[PDB]
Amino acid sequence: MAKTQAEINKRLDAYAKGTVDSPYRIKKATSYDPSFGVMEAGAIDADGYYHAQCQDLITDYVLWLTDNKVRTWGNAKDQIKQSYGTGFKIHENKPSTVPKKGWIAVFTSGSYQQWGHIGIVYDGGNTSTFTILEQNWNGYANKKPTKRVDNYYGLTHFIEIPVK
């Protein structure tokens, strides 16, 4: 059920614009847990807990990449400890490793949360920096998927996805 790069690129744009086709996309500003921020329209809350966390975007993504056949478990650091199916490949991030658009970036070291941070490679970039689309880098779980330029700090693994 592999997706085309064009379908992937279009999915990544819809996330960032808050118009993604998902049943987990927040349509109007919402809150149910006062410990977090009011979730804006565009935010992805896949489990319905702790608002728009980092992993929520990835479980919605993996869900779409596989036509709702693979649901993710655990947190960000748990994602390299399970399988998404055929076509998906886990790569270690080393200084020469540059990812591709649509790939999943996993942060399990540095001063990151012990349960990790996660996001989608929006632009592969180069050896020094790349662009990520992620949720909950602010720790407040309210913003929709936002682009950030990352410098491979704390980034330990990439997950390659199947492309047509």
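Numbering starts at 1 and runs along the sequence shown.
K.L.:
Mind pulling up the entry and telling me whether 62-70 or 22-30 has the higher mean Cα temperature factor?
P.N.:
According to the entry, 22-30 carries the higher average C-alpha B-factor.
K.L.:
For the higher mean C-alpha B factor in the entry, choose 97-105 or 114-122.
P.N.:
Averaged over C-alpha atoms, the B-factors run higher in 97-105.
K.L.:
Compare the CA B factors listed in the entry for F36, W137, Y49, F130 and report the winner.
P.N.:
The record points to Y49.
K.L.:
Using only modelled residues of the chain, where does the Cα B factor of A6 rank: lowest third, middle third or highest third?
P.N.:
According to the entry, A6 has a C-alpha B-factor in the chain's highest third.
K.L.:
How does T86 rank on Cα B-factor within its chain, lowest, middle or highest third?
P.N.:
According to the entry, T86 has a C-alpha B-factor in the chain's highest third.
K.L.:
Divide the modelled residues of the chain into thirds by Cα B-factor and specify which third, lowest, middle or highest, holds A141.
P.N.:
Tercile = lowest for this residue's CA B-factor.
K.L.:
Going by the CA temperature factor in the PDB record, which third of the chain does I44 belong to: lowest, middle or highest?
P.N.:
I44: CA B-factor falls in the middle third of its chain.
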